[PDB]
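Shown here is one chain on its own, the form deposited in one PDB entry, set out as structure tokens.
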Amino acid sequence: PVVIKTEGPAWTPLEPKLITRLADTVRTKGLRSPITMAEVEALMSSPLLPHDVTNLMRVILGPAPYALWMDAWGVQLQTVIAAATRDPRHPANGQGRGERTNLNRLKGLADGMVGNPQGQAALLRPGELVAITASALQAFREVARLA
């Protein structure tokens, strides 16, 4: 998640305990359990960075489900990109001419974001995190749907 500090946007990791806790919930209750779904939604109630979502899912999901989540997330992000491309006023876009979002940014792969949650927090816009988070969540639901 991101919190606005004095110097600006800063990265704050999701509590390790809640992540472990959810991993247990997923393992004990299953992906299609209202308990799991509720807990995942709760953990994803605060806008997350690419770094947050991928590591969250990698940990709470098995290798196969995680591979499925990654494909689902890619599809979801692409739908966001298609919408942000068609509508300049899309919230994922910045107000400025050179501020349209792209798939690299949403995946945290753009210049200065690669493997760096601090850089992602400093570079991604609030609207991009919203899309990244909603996309990750929908991808989770898809994985649970196909479970």
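Numbering starts at 1 and follows the sequence shown. Rigid core here is just the name for the largest C-alpha set that superposes within 1.5 Å across the two forms.
Missing here is the form deposited in another entry; even so, the following discussion is about that form.
Annotation: Cα of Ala10 displaced by at least 2 Å between this form and the one not shown, core superposition. Here's the thing about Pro9 and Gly119: their CA atoms end up at least 3 Å farther apart in the other entry than they are in this form. CA of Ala10 to CA of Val114: farther apart by 3 Å or more in the other entry than in the shown form.
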